[PDB]
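Single-structure report; data block below.
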Amino acid sequence: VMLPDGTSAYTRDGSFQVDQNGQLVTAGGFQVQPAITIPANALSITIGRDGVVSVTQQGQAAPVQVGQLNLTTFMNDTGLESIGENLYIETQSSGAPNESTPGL
Amino acid sequence: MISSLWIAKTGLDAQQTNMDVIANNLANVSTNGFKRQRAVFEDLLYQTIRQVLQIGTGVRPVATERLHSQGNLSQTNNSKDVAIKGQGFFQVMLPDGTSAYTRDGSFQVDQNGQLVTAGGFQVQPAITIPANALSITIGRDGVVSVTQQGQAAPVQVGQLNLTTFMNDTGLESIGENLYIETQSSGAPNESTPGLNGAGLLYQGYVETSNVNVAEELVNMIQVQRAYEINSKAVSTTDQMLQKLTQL
Amino acid sequence: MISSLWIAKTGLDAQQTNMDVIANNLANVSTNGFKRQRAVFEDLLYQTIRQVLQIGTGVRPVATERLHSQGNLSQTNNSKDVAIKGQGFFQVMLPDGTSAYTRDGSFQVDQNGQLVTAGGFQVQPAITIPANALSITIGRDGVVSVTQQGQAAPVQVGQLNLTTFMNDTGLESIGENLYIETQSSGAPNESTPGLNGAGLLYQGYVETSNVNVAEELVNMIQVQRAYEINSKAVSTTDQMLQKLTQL
Amino acid sequence: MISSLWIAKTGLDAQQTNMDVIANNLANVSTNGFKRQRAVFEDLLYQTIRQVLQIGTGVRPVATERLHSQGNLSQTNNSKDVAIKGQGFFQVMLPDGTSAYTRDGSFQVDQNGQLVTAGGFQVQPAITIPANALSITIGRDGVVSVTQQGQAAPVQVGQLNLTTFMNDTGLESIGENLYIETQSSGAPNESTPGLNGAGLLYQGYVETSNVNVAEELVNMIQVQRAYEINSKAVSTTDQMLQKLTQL
């Protein structure tokens, strides 16, 4: 997820929101990486298991993939440090990041 | 919790309304020209979370739906009794000036010699009833061809047409087997009796209710049983409630 | 600790959701053409530490899974009642212009003489209903071969086909026993009734719910019992908690 | 601390007031022309600290809200019993000179031959009751067209109109199913019965309460259960209190 200063962030979170301007954020306004615009006519939110934000909009009877998300892996998560409200960023001992496809 | 609460609530009121519907649908035998109603249980919107992970809501009765069928009829043999073979509805004036519609076989005279029905409800169109009119030989299509004293002729003292509509479910019983034109009732058309869906005049007879009882007695029994099964569901819900408020 | 906490939590919500599922699955009797749902308890990923030293997680209900079976049916004997022997779904227009699908036996006329259902929901394809159409002799495959007044012929005033799909689990009840095509619903095909999985028109009748109650009453009893056993597990957990916070 | 104290307090008094509301709403069966009340739980102002970091307050019942629906009615067959089909309220004089409103089917005569109700509460407008008035043939719109001894005519010995208002929730029961005009009651209008929302006179009958019991019995059970759950919340609060005053 993107910190509002432009830097990235890492977590294990289950609470995400929308801003005023219809983007996908989390934790009360912390944007995701990659960013996803949230419409208003998107009635159901059918999320795929690997980032497929396949929502169904009003008048659109289809799981419209309005976003794709990958999962970042590292090499030594002991180097990752909690940087405020269960967030993490890449440090020296954290390992190398790799936003691979979820499930592998 | 609240889920089982509202689910038991809507099953309770659905079965209660079904019980009241069949209860009012069994007591209306010998109601003249009557068409009986019945509720239809139907769901509500379901709530899908993921492509299929749904929630599901609704057992609701939508409305009581009429059954426009000619019921039983009796051979009464009176000139003030007229049934209608088939369809076609009567047209009578309410005393406030408005019209009315029915399937009636009981019409009277007032003090002032007009043709009324149901104890003073005038017909449409109005007919004046004399006293020397000995026999009442009614034509099949409204020809009130009575024979007066000293007048050996079927003197047509009135002509009547039958009003037809487009959706009689929209017609509503407005008090003592009367009907008036509503929005969903259809467009009125007082066509000649015998055509455009209108029947003919059967002088001597009445129409009555289309109430089948033993089928709806089975419906009464099964709605009582489902009411008790909803009560069993409430009992299990409250047993979990009391065992968990023990916890 | 947190282990027993979340385990008691997921057993609690699994049994609660099961109770709500069977509770909503008992109140939906006399819902027309209805196919009932049921949840399936399933685990999650286990967590092996060494080749076999595992952890084990999950008791989760996945989703409520429909049972597409023809339930009970009643002999109603009305021309506005049509059941379907076997399979094949209706196709009716929602008033916003979209389509709808059902297994319905209750259709009406509007004010303006079109064929609608459920209190003003037009059919697909649309059919205009006259007033002089005396008898309604419906063919088995959509042939609305009514006979009008002065027209001694089964005048086909409408033709109807039946829509078939590929996975009716994807179809979702969208309000008062209606369905629309979804992603997992399959591809629609309004084939001729009587072929390609489509049934025929049984004029006079309705379909209803496939709700078996006494089996699901045993399911209600055992889900109440397992809810109480999960409550016993919570009681033992909190007894250890209070005896250890005494320690 | 004080947070859980007041929260448990307002949940306690909300559930207590709900219990008293449904308790008084179950004992009022056979109250004539009665419209039943119910409370509505509603929050208070929330307290946001930062754009969203709120506090949140309120579970309050606002007020008991009436349900102006025609309940059950009984066929009593007495000339001193008059029901009203539909709406429209009576107008009777309180003995201090003020007016009153009701839906009553029980009226009497005093010692001095006036028309009163409920054991001496005069009507509006007042009607003198003779002794030679043998039959009481009441018109549907206030026409007290009785027939006196030696007078073979429906002598109209009184005319009555029906008072309508604008918001009957503002009307308050002022003692033994009476009502008077309040601020929120609306503007009175004693229009002719049968028009402007007024019904007609059904001589022989009474109106009664719109009390549905089994639904409100489920409401009694669930309010008792939520009262016990609020008691469980108080128990956990005081357990933390005693374990921390141990600390």
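Labeling convention for the structure tokens: chains A, B, ... as they appear, residues from 1 per chain, ligands from 1 in order of appearance.
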
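All residues within segment 2-215 of chain C that the backbone DSSP calculation assigns to helix (DSSP H, G or I) are residues 2, 3, 4, 5, 6, 7, 8, 9, 10, 11, 12, 13, 14, 15, 16, 17, 18, 19, 20, 21, 22, 23, 24, 213, 214 and 215 of chain C.
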
Hey, can you spit out that residue selection with N, CA and C atoms as a short mmCIF file (atom, residue, chain, number, x, y, z; two decimals), in the first residue's frame?
```
data_model
loop_
_atom_site.label_atom_id
_atom_site.label_comp_id
_atom_site.auth_asym_id
_atom_site.auth_seq_id
_atom_site.Cartn_x
_atom_site.Cartn_y
_atom_site.Cartn_z
N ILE C 2 -5.61 -17.47 22.17
CA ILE C 2 -6.18 -16.95 20.93
C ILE C 2 -6.62 -18.08 20.01
N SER C 3 -5.98 -19.25 20.13
CA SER C 3 -6.30 -20.44 19.36
C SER C 3 -7.72 -20.90 19.63
N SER C 4 -8.01 -21.22 20.89
CA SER C 4 -9.36 -21.55 21.32
C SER C 4 -10.34 -20.41 21.10
N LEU C 5 -9.87 -19.16 21.18
CA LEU C 5 -10.72 -18.00 20.92
C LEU C 5 -11.25 -18.00 19.49
N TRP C 6 -10.35 -18.07 18.51
CA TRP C 6 -10.80 -18.05 17.12
C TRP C 6 -11.50 -19.35 16.74
N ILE C 7 -11.10 -20.47 17.34
CA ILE C 7 -11.73 -21.75 17.02
C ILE C 7 -13.18 -21.76 17.51
N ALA C 8 -13.39 -21.30 18.75
CA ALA C 8 -14.74 -21.13 19.27
C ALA C 8 -15.52 -20.10 18.47
N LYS C 9 -14.84 -19.05 17.98
CA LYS C 9 -15.48 -18.05 17.13
C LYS C 9 -15.98 -18.64 15.82
N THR C 10 -15.14 -19.40 15.11
CA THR C 10 -15.55 -19.92 13.82
C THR C 10 -16.54 -21.07 13.96
N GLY C 11 -16.46 -21.86 15.04
CA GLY C 11 -17.52 -22.82 15.31
C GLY C 11 -18.83 -22.14 15.65
N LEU C 12 -18.76 -21.03 16.38
CA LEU C 12 -19.94 -20.25 16.75
C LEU C 12 -20.61 -19.66 15.52
N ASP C 13 -19.84 -19.01 14.65
CA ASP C 13 -20.45 -18.42 13.47
C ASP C 13 -20.85 -19.45 12.43
N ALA C 14 -20.16 -20.60 12.38
CA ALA C 14 -20.57 -21.68 11.49
C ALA C 14 -21.92 -22.25 11.92
N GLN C 15 -22.08 -22.53 13.22
CA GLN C 15 -23.35 -23.05 13.70
C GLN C 15 -24.45 -22.00 13.66
N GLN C 16 -24.10 -20.73 13.86
CA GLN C 16 -25.08 -19.65 13.77
C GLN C 16 -25.56 -19.48 12.34
N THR C 17 -24.64 -19.49 11.38
CA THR C 17 -25.00 -19.39 9.97
C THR C 17 -25.78 -20.61 9.51
N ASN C 18 -25.45 -21.79 10.05
CA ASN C 18 -26.23 -22.99 9.75
C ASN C 18 -27.64 -22.87 10.29
N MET C 19 -27.78 -22.33 11.50
CA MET C 19 -29.10 -22.11 12.09
C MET C 19 -29.92 -21.12 11.28
N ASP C 20 -29.29 -20.04 10.82
CA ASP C 20 -30.00 -19.07 9.99
C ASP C 20 -30.35 -19.64 8.63
N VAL C 21 -29.48 -20.50 8.08
CA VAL C 21 -29.73 -21.10 6.77
C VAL C 21 -30.92 -22.05 6.84
N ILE C 22 -30.97 -22.92 7.85
CA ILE C 22 -32.10 -23.84 7.95
C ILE C 22 -33.35 -23.10 8.42
N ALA C 23 -33.18 -22.01 9.17
CA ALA C 23 -34.31 -21.20 9.59
C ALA C 23 -34.97 -20.51 8.41
N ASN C 24 -34.16 -19.96 7.50
CA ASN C 24 -34.73 -19.39 6.29
C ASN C 24 -35.16 -20.47 5.31
N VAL C 213 -39.02 -30.53 5.29
CA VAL C 213 -39.04 -29.83 6.56
C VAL C 213 -38.56 -30.71 7.70
N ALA C 214 -39.06 -31.95 7.78
CA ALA C 214 -38.77 -32.80 8.93
C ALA C 214 -37.31 -33.21 8.98
N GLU C 215 -36.72 -33.48 7.81
CA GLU C 215 -35.27 -33.66 7.72
C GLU C 215 -34.55 -32.40 8.16
#
```

Test item: chain B residues at most 7 Å from chain C, counting only C-alpha atoms, as a compact mmCIF listing (two decimals) with N, CA and C atoms, in the first residue's frame:
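Dumped to out33.txt:
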```txt
# COMPACT_ATOMS: atom_id res chain seq x y z
N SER B 3 -30.78 -12.35 12.74
CA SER B 3 -31.07 -13.10 11.53
C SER B 3 -32.22 -14.06 11.76
N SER B 4 -32.05 -14.98 12.71
CA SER B 4 -33.12 -15.88 13.12
C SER B 4 -34.32 -15.15 13.67
N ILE B 7 -36.14 -13.76 10.59
CA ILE B 7 -36.58 -14.89 9.77
C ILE B 7 -37.78 -15.58 10.41
N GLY B 11 -41.57 -15.61 8.80
CA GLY B 11 -42.28 -16.86 8.71
C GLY B 11 -43.54 -16.87 9.56
N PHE B 41 -46.60 -16.78 -1.46
CA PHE B 41 -45.32 -16.60 -0.78
C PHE B 41 -44.20 -16.43 -1.80
N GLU B 42 -43.40 -15.38 -1.61
CA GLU B 42 -42.36 -15.02 -2.56
C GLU B 42 -41.16 -14.46 -1.80
N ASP B 43 -39.97 -14.62 -2.38
CA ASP B 43 -38.77 -14.18 -1.66
C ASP B 43 -38.53 -12.69 -1.78
N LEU B 44 -37.32 -12.27 -1.41
CA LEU B 44 -36.87 -10.90 -1.61
C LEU B 44 -35.54 -10.96 -2.35
N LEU B 45 -34.83 -9.84 -2.39
CA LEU B 45 -33.53 -9.80 -3.02
C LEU B 45 -32.53 -10.65 -2.24
N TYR B 46 -31.74 -11.41 -2.96
CA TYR B 46 -30.68 -12.16 -2.32
C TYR B 46 -29.46 -11.26 -2.28
N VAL B 52 -20.73 -19.40 -5.86
CA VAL B 52 -21.70 -18.33 -5.62
C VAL B 52 -21.98 -18.22 -4.13
N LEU B 53 -21.57 -17.11 -3.53
CA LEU B 53 -21.70 -16.88 -2.09
C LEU B 53 -22.78 -15.82 -1.88
N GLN B 54 -24.01 -16.27 -1.66
CA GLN B 54 -25.14 -15.38 -1.45
C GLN B 54 -25.59 -15.42 0.00
N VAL B 59 -39.54 -14.53 2.47
CA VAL B 59 -40.53 -15.60 2.33
C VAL B 59 -41.90 -14.96 2.11
N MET B 166 -60.94 -4.92 -18.23
CA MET B 166 -59.73 -5.52 -18.78
C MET B 166 -58.93 -6.34 -17.78
N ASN B 167 -59.01 -6.03 -16.48
CA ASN B 167 -58.33 -6.84 -15.47
C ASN B 167 -59.16 -6.76 -14.18
N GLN B 183 -57.88 1.70 -10.83
CA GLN B 183 -56.83 1.90 -11.82
C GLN B 183 -56.51 0.60 -12.56
N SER B 184 -56.26 -0.47 -11.82
CA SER B 184 -55.94 -1.76 -12.43
C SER B 184 -57.18 -2.54 -12.85
N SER B 185 -58.38 -1.97 -12.68
CA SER B 185 -59.60 -2.71 -12.98
C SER B 185 -59.82 -2.89 -14.47
N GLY B 186 -59.34 -1.96 -15.29
CA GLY B 186 -59.56 -2.01 -16.72
C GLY B 186 -60.51 -0.92 -17.18
N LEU B 195 -72.50 -10.45 -25.80
CA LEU B 195 -71.37 -10.20 -26.68
C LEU B 195 -70.32 -9.39 -25.93
N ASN B 196 -69.10 -9.41 -26.47
CA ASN B 196 -67.91 -8.74 -25.91
C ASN B 196 -67.63 -9.19 -24.48
N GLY B 197 -67.73 -10.50 -24.25
CA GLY B 197 -67.51 -11.05 -22.93
C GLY B 197 -68.70 -11.01 -22.00
N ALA B 233 -39.28 -23.53 15.41
CA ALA B 233 -38.07 -22.79 15.07
C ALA B 233 -37.80 -21.68 16.08
N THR B 236 -36.49 -23.42 19.26
CA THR B 236 -35.07 -23.76 19.17
C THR B 236 -34.19 -22.51 19.24
N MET B 240 -31.52 -21.82 22.28
CA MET B 240 -30.14 -21.39 22.10
C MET B 240 -29.88 -20.06 22.80
N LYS B 243 -29.71 -20.82 26.60
CA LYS B 243 -28.51 -21.57 26.94
C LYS B 243 -27.26 -20.74 26.73
N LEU B 244 -27.33 -19.72 25.88
CA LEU B 244 -26.19 -18.85 25.67
C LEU B 244 -26.18 -17.65 26.59
N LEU B 247 -24.59 -19.06 29.28
CA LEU B 247 -23.17 -18.90 28.99
C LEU B 247 -22.82 -17.42 29.10
```

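The nearest approach to residue 206 of chain C among the residues C:74, C:99, C:128, C:239, with only C-alpha atoms taken into account, belongs to C:74.
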
Find the residues in chain A near chain D: any atom within 12 Å counts, using only C-alpha atoms. Write them as a compact mmCIF listing (two decimals) with N, CA, C and O atoms, in the first residue's frame.
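Result file follows (result.txt):
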```txt
# COMPACT_ATOMS: atom_id res chain seq x y z
N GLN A 17 -10.82 1.05 2.68
CA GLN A 17 -11.88 2.04 2.54
C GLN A 17 -11.80 2.72 1.18
O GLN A 17 -10.95 2.42 0.33
N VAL A 18 -12.73 3.65 0.97
CA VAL A 18 -12.75 4.55 -0.18
C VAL A 18 -12.53 5.96 0.35
O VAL A 18 -12.92 6.27 1.48
N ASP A 19 -11.88 6.80 -0.45
CA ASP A 19 -11.72 8.20 -0.07
C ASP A 19 -12.94 9.00 -0.52
O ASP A 19 -13.98 8.46 -0.92
N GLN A 20 -12.81 10.33 -0.46
CA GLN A 20 -13.83 11.20 -1.04
C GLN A 20 -13.80 11.11 -2.56
O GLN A 20 -14.86 11.10 -3.21
N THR A 26 -6.80 2.46 2.45
CA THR A 26 -7.03 1.64 3.62
C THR A 26 -6.74 2.47 4.86
O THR A 26 -6.18 3.57 4.76
N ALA A 27 -7.18 1.96 6.01
CA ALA A 27 -6.86 2.48 7.35
C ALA A 27 -7.24 3.94 7.53
O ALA A 27 -6.59 4.68 8.27
N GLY A 28 -8.29 4.38 6.84
CA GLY A 28 -8.67 5.78 6.86
C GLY A 28 -7.79 6.63 5.97
O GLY A 28 -7.14 7.56 6.44
N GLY A 29 -7.76 6.31 4.68
CA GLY A 29 -7.00 7.10 3.73
C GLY A 29 -5.53 6.76 3.61
O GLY A 29 -4.67 7.61 3.88
```

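Going from atom CA of residue 200 of chain C over to atom CA of residue 84 of chain C, you cover 5.5 Å.
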
Write out as a list in words each polymer residue whose atoms come within 6 Å of residue 162 of chain C, counting only C-alpha atoms; drop sequence neighbours fewer than 6 positions from it.
residues 88, 89, 90, 190, 191 and 193 of chain C

Just want the 7 Å neighbourhood of residue 70 of chain B, counted on only C-alpha atoms, with same-chain residues fewer than 2 positions away dropped. Output as a PDB file with N, CA and C atoms, in the first residue's frame.
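around_1.pdb was written with the following content:
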```pdb
ATOM      1  N   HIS B  68     -61.117 -15.437 -10.330  1.00  0.00           N
ATOM      2  CA  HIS B  68     -62.350 -15.038 -11.007  1.00  0.00           C
ATOM      3  C   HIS B  68     -62.977 -16.226 -11.740  1.00  0.00           C
ATOM      4  N   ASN B  72     -70.792 -21.860  -7.386  1.00  0.00           N
ATOM      5  CA  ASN B  72     -72.065 -22.558  -7.400  1.00  0.00           C
ATOM      6  C   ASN B  72     -73.197 -21.569  -7.654  1.00  0.00           C
ATOM      7  N   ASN B 210     -67.210 -18.908  -5.336  1.00  0.00           N
ATOM      8  CA  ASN B 210     -66.385 -20.006  -5.843  1.00  0.00           C
ATOM      9  C   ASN B 210     -65.485 -20.583  -4.756  1.00  0.00           C
TER      10      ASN B 210
END
```
